[PDB]
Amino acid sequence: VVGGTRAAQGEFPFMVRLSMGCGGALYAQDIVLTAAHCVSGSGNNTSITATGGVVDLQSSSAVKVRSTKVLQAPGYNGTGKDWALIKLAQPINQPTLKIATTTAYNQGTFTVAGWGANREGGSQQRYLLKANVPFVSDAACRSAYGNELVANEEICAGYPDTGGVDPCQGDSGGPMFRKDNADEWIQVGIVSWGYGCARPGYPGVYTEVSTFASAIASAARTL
């Protein structure tokens, strides 16, 4: 995360770090919701590691669990539908993150977090970083990305005029969230892509969770 600050231990306990350099959220204690582009496809897979329970990846308190299977959004090909679920061999005993099923929260100021780079071309982070990024309308986002932006499948956030705060390489798959009307965090997005990181005129793009919530929920029941 470019322009982020250190998250406190226990602040966002649903966060998990994935071995390929992605973030993810605990949709269930043993099911990670991440980006489709973080995996190569669906199927049995025991080569992925999810590190949960800590902001400091070097902590002896970290829990490292291996995957058993991956379910990448059906039909994924790099043009939207950027979501995937990863079944874990053992559950990570931490709070889970509720996903948005309506579009009522696709507005306001969001929060993102990850161990990705804090500068373009930078190395990964040892400590979880968090940042607040305001919602950016489809129109403004489209003024930047044109046809690359998939209407209804992608939501944008950040500072369109001046940049400065934005997820970066290594943060993909992480959840973008905010408070619902019950003072509980709810997930409206999944870090997906952007041109560069934190650049004026180029906001961050995220998987619009509300659009795929029913699909994610059904797929998760099959894991």
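Position 1 is the first residue in the sequence shown; the rest follow in order.
K.L.:
Averaged over C-alpha atoms, is the B-factor higher for 193-201 or for 40-48 in this PDB entry?
P.N.:
Higher mean C-alpha B-factor: 40-48.
K.L.:
What stretch has the higher average Cα B-factor here, 52-60 or 23-31?
P.N.:
Going by the record's values, the stretch with the higher mean is 52-60.
K.L.:
Using only the C-alpha B-factors in the record, can you name which of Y76, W115, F135, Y145 has the highest?
P.N.:
In the PDB entry, the greatest C-alpha B-factor among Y76, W115, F135, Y145 is found at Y76.
K.L.:
Select lowest, middle or highest to describe the third in which the CA B-factor of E154 falls within its chain in this entry.
P.N.:
It falls in the middle third of the chain.
K.L.:
Comparing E184 with the other modelled residues of its chain, is its CA B-factor in the lowest, middle or highest third?
P.N.:
Its C-alpha B-factor belongs to the highest third of this chain's values.
K.L.:
Against its chain's modelled residues, does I216's Cα B factor rank lowest, middle or highest third?
P.N.:
Its C-alpha B-factor belongs to the middle third of this chain's values.
K.L.:
What third of its chain's C-alpha B-factors does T68 belong to: lowest, middle or highest?
P.N.:
Ranked within chain, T68 CA B lands in the highest tercile.
K.L.:
Sorting by Cα B-factor within the chain, modelled residues only, which third would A8 end up in: lowest, middle or highest?
P.N.:
Middle third, going by the recorded CA B-factors of the chain.
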